[PDB]
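As structure tokens, one chain now follows by itself in the form deposited in one PDB entry.
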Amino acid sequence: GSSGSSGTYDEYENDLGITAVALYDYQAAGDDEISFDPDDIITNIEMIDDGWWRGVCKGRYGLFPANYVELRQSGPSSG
């Protein structure tokens, strides 16, 4: 049993998809690429290139190296 500040209704729509956390500060070489700070949170992460991805950060969707970021993941009791 759990609860919190649900609200007046629980019929919302949140499609964030995949998320990741930056490891180091990056500077999008150009417009195509996006610039995000280290230890930041990114949503709508689309897996395109094993080395580069595309997600919506601080209101910006562009190409970015998956090396300067880590795929969010937790390890609970029952893996």
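All residue numbers refer to positions in the sequence shown, first residue = 1.
There is also a form solved in complex with a partner chain; it is not shown, and the following applies to it.
Of the heavy atoms in residue 68, some are within 4.5 Å of its partner chain in the entry with it bound. Remark: residue 33 counts among the residues lining its partner chain in the entry with it bound, judged by a heavy atom distance of 4.5 Å or less. Its partner chain is not shown here, and in the entry with it bound it never comes within 4.5 Å of any heavy atom of residue 56. Contact check for residue 21: every heavy atom lies farther than 4.5 Å from its partner chain in the entry with it bound.
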